[PDB]
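Working notes, structure below.
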Amino acid sequence: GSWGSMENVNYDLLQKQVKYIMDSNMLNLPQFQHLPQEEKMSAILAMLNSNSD
């Protein structure tokens with residue numbers, strides 16, 4: 001399985017916010033909320049842009 005998705009946290013809501021902030025700040029992923037070990041930024045692009053079904 002190695003499923004990564006869950007039914008406890010929702011991202012659909014965080015997307016509506018980030019998408020709005022991108023048109024004002026566009027910082028280097030300041031918010032964030034996770035990390036593999038030492039990546040940053042890309043870490044938020046590998047979990048969103050890339051999905052592991």
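Every residue, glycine as well, gets a Cβ built from its backbone with ideal geometry; the counts of neighbours run over all protein chains shown. Where a number appears in this text, it was derived from the coordinates with a stated rule and is not lab data.
Here are a few things to note about the model shown:
- Principal axis dimensions, the chain - Cα atoms, whole angstrom, descending: 39, 26, 16
- Nearest 10 degrees, 0 to 90: helix 12-21 Cα axis against the chain principal axis: 30
- Protection proxy ranking, peptides 23-35, 2-14, average beta carbon neighbours within 10 Å, highest first: 23-35, 2-14
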